Amino acid sequence: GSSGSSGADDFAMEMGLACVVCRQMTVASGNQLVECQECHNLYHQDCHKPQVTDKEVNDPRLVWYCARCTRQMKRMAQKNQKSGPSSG
Ligand SMILES: [Zn+2]
Ligand SMILES: [Zn+2]
């Protein structure tokens, strides 16, 4: 017993330009798509919690981080700091 397939087809899904929330590509003025820097996942300016602005997505020198990460990265939990080099 062993079932296996070989070869894939080509379709919108393949492109991989759809968000992770609704998993779609539909976009528009304001309801554009965004790509995280950590998880590198697609999040529709809308689908995402924090209403992402068009200017934000445009900002080439801007670091966008999806909640999923923002909540994770946050370990210090605004609590007492044991160790950590303070930087600008
Ligand atoms: Zn979506
Ligand atoms: Zn992320």
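Counting along the sequence shown from 1, when you hit position 40 you're at 40 in PDB author numbering, and nothing is skipped either side.
Beta carbons: idealized from backbone N, C-alpha and C, even for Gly.
State the DSSP-derived secondary structure class of residue i, mapped to helix, strand or coil.
{"i": "residue 56", "result": "helix"}
{"i": "residue 38", "result": "coil"}
Within the continuous alpha helix (DSSP H) that includes residue i, where are the two ends?
{"i": "residue 35", "result": "First-last for residue 35: 33-35, but that is the beta strand (DSSP E), not the alpha helix (DSSP H)."}
{"i": "residue 70", "result": "67-73"}
{"i": "residue 13", "result": "12-15"}
Can you list, in chain order, the residues of its chain whose CB lies under 6 Å from that of residue i, leaving out five sequence neighbours each side?
{"i": "residue 22", "result": "47"}
For the beta strand (DSSP E) holding residue i, just list the boundary residues, first then last.
{"i": "residue 42", "result": "42-44"}
For residue i, I'd like the list of residues in its chain whose CB is within less than 7 Å of its CB, leaving aside the five on either flank, ordered along the chain.
{"i": "residue 36", "result": "43, 64, 65, 66 and 69"}
{"i": "residue 20", "result": "41, 42 and 43"}
{"i": "residue 83", "result": "none"}
Got a list of residues with beta-carbon closer than 6 Å to any non-hydrogen atom of ligand 2, in chain order?
-> 36, 38, 39, 41, 65, 66, 68 and 69
So which residues touch the region around ligand 1, with touch meaning a C-beta under 6 Å from any heavy atom?
-> 19, 21, 22, 24, 44 and 47
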